[PDB]
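Undergrad: Structure incoming, see below.
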Amino acid sequence: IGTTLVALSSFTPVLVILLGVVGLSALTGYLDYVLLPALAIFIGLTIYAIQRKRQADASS
């Protein structure tokens with residue numbers, strides 16, 4: 001399966017930009033309503049930072 005997911009990584013570069021579009025979308029969030037869903041995106045990326053270092057190729 002990992003082979004299958006390994007080629008899947010090709011969406012990883014396209015996945016990163018994907019959040020970026022959503023980040024800007026925050027501007028369309030309500031003053032109170034942009035803290036819960038808009039800021040939540042940053043958290044997904046926060047943990048993702050440590051992943052790149054952790055992944056370290058591996059089985060691949």
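Neighbour counts run over all protein chains shown; Cβ positions are idealised from the backbone, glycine included. Throughout, read-outs are computed from the coordinates displayed, never taken from laboratory work.
Undergrad: Restricting the search to the range 22-53, which residues are aliphatic (A, V, I, L, M) and over 11 Å from the mean Cα position of the chain (by Cα)?
TA: So in the range 22-53, the residues aliphatic (A, V, I, L, M) come out as 22, 24, 26-27, 31, 34-36, 38-41, 43, 45, 47, 49-50.
Of everything in the range 22-53, those that are aliphatic (A, V, I, L, M) and over 11 Å from the mean Cα position of the chain (by Cα) turn out to be 24, 26, 27, 31, 34, 35, 36, 38, 39, 50.
Undergrad: Contact list please: Cβ distance under 7 Å, first residue in the range 32-43 and without any contact (Cβ under 8 Å) to a residue 24 or more places away in the chain, second residue surrounded by 13 or more Cβ atoms within 10 Å (Cβ to Cβ) and part of a loop (DSSP other than H, G, I, E, B), pairs at least six apart or on different chains.
TA: Between residues of the range 32-43 that are without any contact (Cβ under 8 Å) to a residue 24 or more places away in the chain and residues that are surrounded by 13 or more Cβ atoms within 10 Å (Cβ to Cβ) and part of a loop (DSSP other than H, G, I, E, B), the close pairs are 37/29; 38/29.
Undergrad: Using beta carbons and a limit of 9 Å, which pairs, at least six apart or on different chains, have the first residue in the range 6-21 and within 23 Å of residue 60 (Cβ to Cβ) and the second one of a type in the set (S, T, N, Q)?
TA: Between residues of the range 6-21 that are within 23 Å of residue 60 (Cβ to Cβ) and residues that are of a type in the set (S, T, N, Q), the close pairs are 6/59; 6/60.
Undergrad: Here's another thing I want to ask about it. If I filter the range 2-17 for residues that are surrounded by fewer than 11 Cβ atoms within 10 Å (Cβ to Cβ), assigned to a loop (DSSP other than H, G, I, E, B) and not charged (D, E, K, R), do I get at least one hit?
TA: Yes, because at least one residue in the range 2-17 is surrounded by fewer than 11 Cβ atoms within 10 Å (Cβ to Cβ), assigned to a loop (DSSP other than H, G, I, E, B) and not charged (D, E, K, R).
Undergrad: Quick one: in the range 27-58, of everything that is among the aromatic types (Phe, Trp, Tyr) and not in a helix (DSSP H, G or I), which residue is farthest from residue 5 (Cα to Cα)? Talk me through it step by step, then tell me what you get.
TA: Of all residues in the range 27-58, those among the aromatic types (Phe, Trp, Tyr) come to 30, 33, 42, 48.
When the remaining residues are screened for being not in a helix (DSSP H, G or I), the result is 30, 33.
Details: 30: 37, 33: 35 Å.
Per the stated criteria, the residue is 30.
Undergrad: Of the conditions (1) over 30 Å from residue 60 (Cβ atoms); (2) more than 18 Å from the chain's Cα centre (by Cα), residue 2 clears all except one; give me its number.
TA: Of the numbered conditions (1) over 30 Å from residue 60 (Cβ atoms); (2) more than 18 Å from the chain's Cα centre (by Cα), the odd one out for residue 2 is (1).
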